[PDB]
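To begin, one chain is listed below as structure tokens, in the form deposited in one PDB entry.
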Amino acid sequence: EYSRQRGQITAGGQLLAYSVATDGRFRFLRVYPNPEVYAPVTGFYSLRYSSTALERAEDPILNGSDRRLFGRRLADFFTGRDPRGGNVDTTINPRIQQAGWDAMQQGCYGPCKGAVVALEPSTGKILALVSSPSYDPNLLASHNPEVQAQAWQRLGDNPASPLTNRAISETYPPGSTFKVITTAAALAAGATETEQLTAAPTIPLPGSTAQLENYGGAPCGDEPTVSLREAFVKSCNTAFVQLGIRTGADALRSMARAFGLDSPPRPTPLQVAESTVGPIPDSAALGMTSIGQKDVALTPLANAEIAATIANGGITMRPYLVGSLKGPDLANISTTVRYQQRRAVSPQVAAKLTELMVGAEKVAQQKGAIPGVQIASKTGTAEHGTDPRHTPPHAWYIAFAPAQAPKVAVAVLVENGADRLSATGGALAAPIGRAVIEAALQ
């Protein structure tokens, strides 16, 4: 294996993983020049612990044993020249990836836990895939057995779990980002932006003693009722609870399926955890589901796709991480074909969601806003866990830009909201999302 030069993983004409000839018993050492930043993409290639992410998924291409490559390897052996693996050109934009990483390291009064996903809505290209904290795959590329095992042990016991790709492997309550799905369900059912909903600071749940309140216990406005548009841009809870229950369990399940939930995701070639709306066993649950709580659980990737789908006029592009596979001579072996996965909503519903989202962006805290770029977004702050009231919530932000003709869609998850009980998506996640947007549009 190691007597032969393994091929490269690339992004934007830059190397993410390469192999270097050494005096080692195993000649070739695998090197990762920007290790923690790209670990979610590259994975690691280890003597002791095998391969992960694209090292693994694209292993036959990279080691030159792929059937489409094997002729070249045979000509190399016969001819006498040194064998070389093939190349994997990813869809990652290094400027967008770096910006997502940097902003997550800086944006929680110190480093954030969580993920950043950037997508090109019209193609499905995964432009960034950041998880935090990360780890150094060079540690596991070491040819020393004790260096690998010590690093493995350390990473394994680290309760922050830096090995986890939080972008695609983990699911979290979306909280109020899911108001996008509730609203879409409502609109498809014939509800309008002018629909009058409760402004009440609190709402009881049917068939339970529990109550759901607005953030800070404040009424949505000073009038008895507000328009759906106004409830959405202010992100008032009781209105969406009322709306969700009005719209009903079947329509919401249905709309969630339409946006890719409760369907097994296609590999990118990396496997993506399945997102869900939950069973919604009763109307108490429906009310909670409506604001992205109860059993709703999404990957940051799925939440970025929701944004991307709206950005694409209601058509979900199949998301993918590999743009092309190449020979060691860089002859084309495989170019990825972009694919329309399904239509989630009519262009008209997508246009109305875009309108609502632009409004919710103007309302949200304004840190990191880019002069002359119109952003559509939805913030969220999701309670979680066995002691949710005493546990810091996740700060979420999904968005796309420019709102009129989108070039990028993002999701930002700040898991546990910088260890603050008063964490919000607008305060933590939104400026991270905006910096990624700015990097993508530069």
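Only residues modelled in both forms are compared. Start at 1 with the first residue shown and count on from there. What we label the rigid core is the largest C-alpha set whose atoms superpose within 1.5 Å from one form to the other.
The mean C-alpha temperature factor is higher for 1-9 when 432-440 and 1-9 are set side by side.
Averaged over Cα atoms, the B-factor as recorded in the entry is higher for 65-73 than for the other of 24-32 and 65-73.
Comparing the C-alpha B-factors of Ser208, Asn303, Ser290, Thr91 in the entry, the top value falls on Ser208. The entry assigns its greatest Cα B factor, within the set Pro159, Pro137, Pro133, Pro173, to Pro159. Residue-level temperature factors show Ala376 in the lowest third of its chain, judged at the C-alpha atom. Ranked against the other modelled residues of its chain, the C-alpha B-factor of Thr276 as given in the entry falls in the middle third. The entry lists a Cα temperature factor for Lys407 that places it in the middle third of the chain's modelled residues. For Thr391, the recorded CA temperature factor ranks within the highest third of the chain's modelled residues. Per the deposited record, the Cα B-factor of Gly385 falls in the highest third when ranked against the other modelled residues of its chain.
A second form of this protein, the form deposited in another entry, is not displayed here; the remarks below concern that form.
The Cα shift for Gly433 between this form and the one not shown, taken after rigid core superposition, is smaller than 2 angstroms.
Residue displacement note: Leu421 has its CA displaced by at least 2 Å between this form and the one not shown (rigid core superposed). Relative to the shown form, the Cα atoms of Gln106 and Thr424 move apart by 3 Å or more in that other deposited form.
Compared with the form shown here, the Cα atoms of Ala307 and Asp419 move at least 3 Å closer together in that other deposited form. Here is what shifts between this form and the one not shown when you lay the two on the core: just one run of at least 3 residues, every Cα off by 2 Å or more, at 418-426.
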